[PDB]
């Protein structure tokens, strides 16, 4: 008897939402400059260092980003390795991490409640989210696209109308699909692996989310392919409690380091060559 994604919901039919120009960009990707001195940086993470490990929110439902490797049994992926570089800067080695398993829908609340130090879970930086949490500079820039079986006629956004499209709850992906007119039948799940299972069992017709995540689903199921135009920019940031500006500055120093010392390029080649040759790392933007 076939696996079933626990938590699969067919959403109530709703009229399309307009594309949001009201609060579109508050310049959301601009973040806080790193500390100039090593001593300042070490002081900003003294509490984490005293706790003995960095507590990182993510889940294991995003192949290539955060997932459990079936051979080693370890949580691994690009987001796991990004978080490990923060831990390296705090402790000297990347090993000192504890994961709190959080769905996409739980990222903001976990940060608000100080249940994790950081979220590294493909977290798009948006103006709406910046009212509630803080973010590092951009560490990867993705774009929303469409994933369908190779024999599917779906190749453009308008083809999704009336068809069953899967998104994880609590994502920008859902908001963007809610703009499509006429609407698709919107099926929501806990995580992106659940969308893959639904498609493999022909319970949906397509998945739409970050092309990075979709490429991870293609790696698991090469019967699928990515189609369609860029539907919405997705600049990933490390999510941080709104008031912990010192940790924002610290993480932004880590990102400056890995953009410039080759680590970012190494991590891209390690995980993301399905997307093509490594681009330059995203250029950071600073408010101050």
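Residue numbers count along the first chain shown, from 1.
When the mean C-alpha temperature factors of 27 to 35 and 233 to 241 are read from the deposited coordinates, 27 to 35 comes out higher.
Just going by the entry, 207 to 215 versus 92 to 100 on mean CA temperature factor gives the higher value to 92 to 100.
For the set 85, 151, 74, 141, the PDB entry puts the maximum C-alpha B factor at 74. For the set 248, 224, 60, 44, the PDB entry puts the maximum C-alpha B factor at 44. Residue 64 sits in the lowest third of its chain by CA B factor, as recorded in the PDB entry. When the modelled residues of the chain are ordered by C-alpha B-factor, residue 127 sits in the highest third. Per the PDB record, residue ranking by Cα B-factor puts residue 113 in the highest third of the chain. Among the modelled residues of its chain, residue 198 has a C-alpha B-factor that falls in the middle third, as given in the PDB entry. Split the chain's modelled residues into thirds by C-alpha temperature factor. Residue 163 is in the middle one.
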